[PDB]
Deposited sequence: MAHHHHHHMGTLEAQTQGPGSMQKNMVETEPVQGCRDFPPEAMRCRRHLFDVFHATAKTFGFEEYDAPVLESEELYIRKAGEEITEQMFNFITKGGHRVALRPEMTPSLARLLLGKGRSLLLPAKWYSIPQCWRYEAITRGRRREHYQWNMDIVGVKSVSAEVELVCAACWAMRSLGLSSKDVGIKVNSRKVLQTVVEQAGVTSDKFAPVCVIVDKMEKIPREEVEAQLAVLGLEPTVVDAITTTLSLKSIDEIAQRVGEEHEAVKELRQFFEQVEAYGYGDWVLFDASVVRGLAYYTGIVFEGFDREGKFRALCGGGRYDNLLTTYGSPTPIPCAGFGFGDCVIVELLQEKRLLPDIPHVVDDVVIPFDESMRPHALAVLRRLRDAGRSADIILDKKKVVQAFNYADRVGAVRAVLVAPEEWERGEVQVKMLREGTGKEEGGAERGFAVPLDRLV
């Protein structure tokens, strides 16, 4: 009998070759988070289904990987991290010191009728307790920093930015009760990649008249902040905020990375203010990352006081395709410093003591574990990219030495000199 060697439908294996690629990326996510002063957290991949019941026609909750425990409890593999984060924050209450800057790199999950990936890793960064656009500034700079760290430039990618408050106004001024607003953002998010007829249809389903639909479409196609200003005023808070945002990003030195786009809304119900989305400037890939401000979610979860929040998620799949296309993911193979080679099996104990010493000195080192010829041991050393082979032979050992060969003739060296 033969076991199924392929992973479960829509899930990825990470043998060493693929793991090095993932590690290269996560190392940047971690390093960027540390540079920016964010704290790591984590929570269970398994959460209560109840945590995601938002009733706004979101794709994320529609495609929920859910099931029922033997105990009858309705659960899901998390489709996103933000609800888990909020649960932790709400759990802490007044004991949480603010501001708080928390990051994680959870695997998140989806399930579709179409048998597409069902899992991905998503770097999450969130700032909690900060009212002003400085939070969004910092988050957008963090995302650019990560991409620049990966070797991309502002010629390769950007982050396009908007605020939902502009549309909020239009919807409210058009006589539509604010309860329809989140559903509208969800529908209008689809504007980009499906027919306008199909989107207009969906909005009409919500009970909004053609004239109201009109204003929405128009405001999505406005190309500048000044044209927004003409539409809603120069001190509509949206304008002041976006200007402050762009000014602050410019002062940090990432002005070439960011721009305004009135069509950016995102697909999540809970964004209340600034929203943003990373993209490739060749128009070839899906969104690289996405985020925004969500000031009401915690109130929504039963927080007795409103807690301002903003953040983003940054997936592991699209960024990697982009990097591959741009030839910014060279395979650096697995490597070690030293390979210790017993001359024969009688030298194994001596070679072990040498191994101990090298590792004690902070070196990465292998020892040849099987019985083999010296030449094969050198073949192995080359396979693992050793800087150095350390041959432990009877002759040198009697002199208190080993034979060392730099791989990146051969020379006898006292034990103490090795390290």
Show which contiguous pieces of the deposited sequence have no C-alpha coordinates, counting from residue 1. 1-24, 140-141, 435-445
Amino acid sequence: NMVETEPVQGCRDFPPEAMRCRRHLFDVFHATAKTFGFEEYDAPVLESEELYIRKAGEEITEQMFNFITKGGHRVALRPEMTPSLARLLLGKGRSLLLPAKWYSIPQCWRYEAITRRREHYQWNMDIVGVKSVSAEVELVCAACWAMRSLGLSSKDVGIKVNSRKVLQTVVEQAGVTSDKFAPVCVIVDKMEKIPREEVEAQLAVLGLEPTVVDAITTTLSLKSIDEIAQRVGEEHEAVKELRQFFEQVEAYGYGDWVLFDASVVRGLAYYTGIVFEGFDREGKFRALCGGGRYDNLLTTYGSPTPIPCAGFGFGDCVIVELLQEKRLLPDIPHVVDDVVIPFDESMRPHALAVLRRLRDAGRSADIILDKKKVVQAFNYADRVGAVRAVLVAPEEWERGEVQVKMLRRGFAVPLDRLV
From here on, numbers count along this sequence of modelled residues.
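For the two forms, the rigid core is made up of the largest set of C-alpha atoms that agree within 1.5 Å on superposition.
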Do you reckon 304-312 or 70-78 strays further from the shown form in 8 other deposited structures of this protein, measuring C-alpha RMS after a core fit? 70-78
Larger mean CA deviation from the shown form in 8 other deposited structures of this protein [core fit; 163-171 vs 195-203]: 195-203
Answer yes if residue 322 is missing coordinates in at least a third of the other compared entries, and no if every one of them models it. no
No coordinates for residue 113 in a third or more of the other PDB entries: yes
Hey, which bit's got the bigger mean C-alpha B factor in the entry, 339-347 or 206-214? 206-214
Which is higher in the entry, the mean Cα B factor of 292-300 or that of 234-242? 234-242
By the entry's C-alpha temperature factors, tell me which of 281, 101, 266, 116 sits highest. 116
Candidate residues 78, 73, 164, 148, the one whose C-alpha B factor the record puts highest: 73
Ranked C-alpha temperature factor of residue 315 among modelled chain residues, by third: lowest
C-alpha B factor of residue 44, ranked within the chain: lowest, middle or highest third? lowest
For residue 63, return the chain-relative third of its C-alpha B-factor as stated in the PDB record: lowest, middle or highest. highest
Against its chain's modelled residues, does residue 192's Cα B factor rank lowest, middle or highest third? highest
Third of the chain's Cα B-factor distribution that residue 35 belongs to, per the entry: lowest
